[PDB]
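Peer 1:
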Amino acid sequence: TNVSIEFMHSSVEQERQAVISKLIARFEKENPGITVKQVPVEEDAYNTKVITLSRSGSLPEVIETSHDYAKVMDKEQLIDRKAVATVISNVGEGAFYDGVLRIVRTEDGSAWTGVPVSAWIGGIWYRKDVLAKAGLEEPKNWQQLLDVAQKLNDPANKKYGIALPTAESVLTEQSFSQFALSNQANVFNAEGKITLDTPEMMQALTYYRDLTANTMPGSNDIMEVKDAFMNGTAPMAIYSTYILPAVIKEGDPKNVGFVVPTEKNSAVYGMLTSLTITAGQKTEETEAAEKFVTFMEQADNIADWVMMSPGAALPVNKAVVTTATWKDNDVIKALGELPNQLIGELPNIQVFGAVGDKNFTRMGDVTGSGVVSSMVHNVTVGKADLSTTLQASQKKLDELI
Ligand SMILES: [K+]
Ligand SMILES: [K+]
Numbered sequence: 027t028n029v030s031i032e033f034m035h036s037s038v039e040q041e042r043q044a045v046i047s048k049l050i051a052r053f054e055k056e057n058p059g060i061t062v063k064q065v066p067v068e069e070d071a072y073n074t075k076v077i078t079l080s081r082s083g084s085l086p087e088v089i090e091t092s093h094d095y096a097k098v099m100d101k102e103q104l105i106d107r108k109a110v111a112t113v114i115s116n117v118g119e120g121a122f123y124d125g126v127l128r129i130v131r132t133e134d135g136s137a138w139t140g141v142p143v144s145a146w147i148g149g150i151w152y153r154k155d156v157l158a159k160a161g162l163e164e165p166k167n168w169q170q171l172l173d174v175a176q177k178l179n180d181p182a183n184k185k186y187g188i189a190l191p192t193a194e195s196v197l198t199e200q201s202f203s204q205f206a207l208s209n210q211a212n213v214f215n216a217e218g219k220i221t222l223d224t225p226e227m228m229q230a231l232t233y234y235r236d237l238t239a240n241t242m243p244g245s246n247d248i249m250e251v252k253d254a255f256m257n258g259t260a261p262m263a264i265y266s267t268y269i270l271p272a273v274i275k276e277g278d279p280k281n282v283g284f285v286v287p288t289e290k291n292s293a294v295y296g297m298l299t300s301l302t303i304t305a306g307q308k309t310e311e312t313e314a315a316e317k318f319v320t321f322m323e324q325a326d327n328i329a330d331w332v333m334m335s336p337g338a339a340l341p342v343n344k345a346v347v348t349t350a351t352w353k354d355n356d357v358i359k360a361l362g363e364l365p366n367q368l369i370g371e372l373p374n375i376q377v378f379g380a381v382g383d384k385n386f387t388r389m390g391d392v393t394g395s396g397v398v399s400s401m402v403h404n405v406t407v408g409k410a411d412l413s414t415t416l417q418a419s420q421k422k423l424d425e426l427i
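Read in the deposited numbering, the sequence shown has 125 at position 99, and its numbers run on one by one without any break.
Written out as structure tokens, the structure is:
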């Protein structure tokens, strides 16, 4: 009458595995009869491990996943939607901050691909002092942002108004999505068709081009953007919350502000990490996975999970901020009002492919093709004609799907 399941995750660092080992021991203590085994897998090797284990009927019952890869698993039908929805029913949809569960919806809108445990978000980081030393209030829309970037621009001195991604990489697609979605421009419409060559998408693309006249020249990827912000080449930068551990190390957290691209609405990019439960397992394995993920969502356990990356990972469960784990963390206290500001921006999470309560799985192929960041790259670095590049991009996607 004992049952054994596996928890596959990507925390291969010994510190993180120590935290997961104590969570598991706490779980097993409260649920005699259930053993959980760790399966740490480097993020690099995640997909190969998954196809290898699933083609041998040895897929672990519980799997840590980002929301985009959960879409690929759900399309391959590797996810037990009823088990996931059972967990969400237990803790309640109201346990999650608004905007969070929409992102993990299935393509038909009827269920979810996983149970969210954390998120990182992206937006505009800036240096509070430099914007005073220039006479500028923090920007609240496209116009104010462009104006602030122009005022802080100064390329003769190798200083620039904003660090903006422009490379042929997912980072550019993510940061550009924030402006496009702030203009109600999504790559998909509510019927699952590719809607790229649209008026509202052209406006965002035209605005991004104007804004990049104030960024470092050339193809800027993750290292270019981070370096420029960290060494003072630009006092504004679009980046994820993973900049926050670096500000803690190199600089002064008091001096960092955060603003959200806003035009017709506000849009922050976001990546969710979830625990999902896989399909095809014995019923007793499935119920054990259900209890395990439900356990992981209780306040003290979810808080220990999220604090494995303090500053970088945000809580998506409303209970985390009530725990002593959260309020007594040194990193969280060093950041001041920032963690509450960031959590407050979770209702504004928008991503390409998530249209209402449906997240279309063909967005993975769109992203996998690089057409959207390449399009942005061509018009910003290459100086290509914007209207015919947008039109060529629509045609490449139509031909792709
Ligand atoms: K198993
Ligand atoms: K089932």
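Ideal placement from N, C-alpha and C gives every residue a C-beta, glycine not left out.
(1) Mind reading off the beta-carbon distance from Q170 to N291? Whole number of angstroms is fine, and I expect it under 8 Å.
(2) Give a yes or no on whether the C-beta atoms belonging to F33 and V88 are separated by under 7 Å.
(3) In chain order, what are the residues with a CB under 6 Å from some non-hydrogen atom of ligand 2?
(4) Quick one: what does DSSP say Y123 is sitting in, helix, strand or coil?
(5) Taking 6 Å as the line, does the beta carbon of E32 fall inside it for any heavy atom of ligand 1?
(6) Let's see if you can read the secondary structure: which residues bound the beta strand (DSSP E) around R153?
(7) Would you grab the beta carbon distance between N240 and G187 for me? Rounded to a whole angstrom, and I think it's under 8 Å.
(8) I'd like to check one pair, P279 with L361: are the Cβ atoms closer than 7 Å?
(9) By how many angstroms is the C-alpha of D106 removed from the C-alpha of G306?
(10) So, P336 versus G125, is the Cβ gap smaller than 7 Å?
(11) Can you tell me whether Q200 is buried or exposed, with buried defined as 16 or more other CB within 10 angstroms of its CB?
(12) So who's on the other strand from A189, going by DSSP bridges?
(13) Can you tell which of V156, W146, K108 has the C-alpha that lies nearest to the C-alpha of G140?
(14) Does the distance from the CB of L207 to the CB of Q376 come in under 7 Å?
(15) I'd like the list of long-range same chain contacts for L79, defined as Cβ closer than 6 Å, with 5 residues on each side in sequence excluded.
(16) Compare the Cα-Cα distances from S115 to each of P243, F255, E323, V285 and report the closest residue.
(17) Measure the alpha-carbon distance for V294 versus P58 and round it to whole angstroms.
(18) Is it true that the CB of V407 sits closer than 7 Å to the CB of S245?
(19) Got a sec? Which residues, its chain only, sit under 8 Å from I60 by beta carbon, not counting five neighbours each side?
(20) Residues in the same chain with beta-carbon distance under 8 Å from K275, minus the five sequence neighbours each way, listed in chain order, please.
(21) Can you give, in chain order, each stretch of the alpha helix (DSSP H) that sits fully within the region 266-344 and has at least 4 residues?
(22) Name the two residues that bound the continuous beta strand (DSSP E) containing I60.
(23) So, is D94 buried or exposed, given that buried needs 16 or more other C-beta atoms within 10 angstroms?
(24) Ends of the alpha helix (DSSP H) at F33?
(25) Should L368 and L340 be called a contact, given that it needs their Cβ atoms to be closer than 7 Å?
(26) Count Cβ pairs between the region 63-80 and the region 33-43 that sit closer than 8 Å; are there 3 or more?
(27) For the region 117-133 against the region 383-390, are there 3 or more C-beta pairs whose distance is under 8 Å?
(28) If you check the beta carbons only, do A345 and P271 fall under 7 Å apart?
(29) Rounded to the nearest angstrom, how far is the Cβ of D247 from that of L197, given a contact under 8 Å?
(30) List the DSSP bridge partners of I89.
(31) Less than 6 Å separating the Cβ of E87 from some heavy atom of ligand 1?
(32) Taking 7 Å as the limit between beta carbons, can you name the residues of its chain near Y233, skipping five residues before and five after?
(33) What first and last residue would you give for the alpha helix (DSSP H) that runs through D173?
(34) Sorted by chain position, which residues of the same chain lie with C-beta nearer than 7 Å to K75's C-beta, five sequence neighbours on each side aside?
(35) Would you decide whether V286 is buried or exposed? Buried here means 16 or more other CB atoms lie within 10 Å of its CB.
(36) Where does the unbroken alpha helix (DSSP H) through residue 429 begin, and where does it stop?
Peer 2: Checking against the coordinates, here is how it stands:
(1) Actually they do not touch by this definition, with Cβ atoms about 16 Å apart.
(2) yes
(3) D106, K108, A109, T312
(4) coil
(5) yes
(6) 141-153
(7) Indeed they touch by this definition, with Cβ atoms about 3 Å apart.
(8) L361 places its beta carbon less than 7 Å from that of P279.
(9) 8 Å
(10) no
(11) buried
(12) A263
(13) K108
(14) Between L207 and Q376, the gap from beta carbon to beta carbon is short of 7 Å.
(15) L85
(16) Closest option to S115, judged by alpha-carbon separation, among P243, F255, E323, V285: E323.
(17) 42 Å
(18) yes
(19) Close CB contacts of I60 within its chain, under the 8 Å cut and outside five residues either way in sequence, are with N28, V29, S30, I31, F53, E54, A314, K317, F318 (chain order).
(20) No residues qualify anywhere along the chain.
(21) 270-276, 309-322, 325-332
(22) 60-66
(23) buried
(24) No alpha helix (DSSP H) holds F33; the beta strand (DSSP E) holding it covers 29-35.
(25) yes
(26) yes
(27) yes
(28) Cβ atoms of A345 and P271: not closer than 7 Å.
(29) 6 Å
(30) Paired residue(s): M34, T302.
(31) yes
(32) Cβ neighbours of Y233 within its own chain (closer than 7 Å, five residues either side excluded): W168, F205.
(33) 168-178
(34) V67
(35) buried
(36) Nothing about residue 429 can be reported from this structure: the residues present for the chain run from 27 to 427 only.
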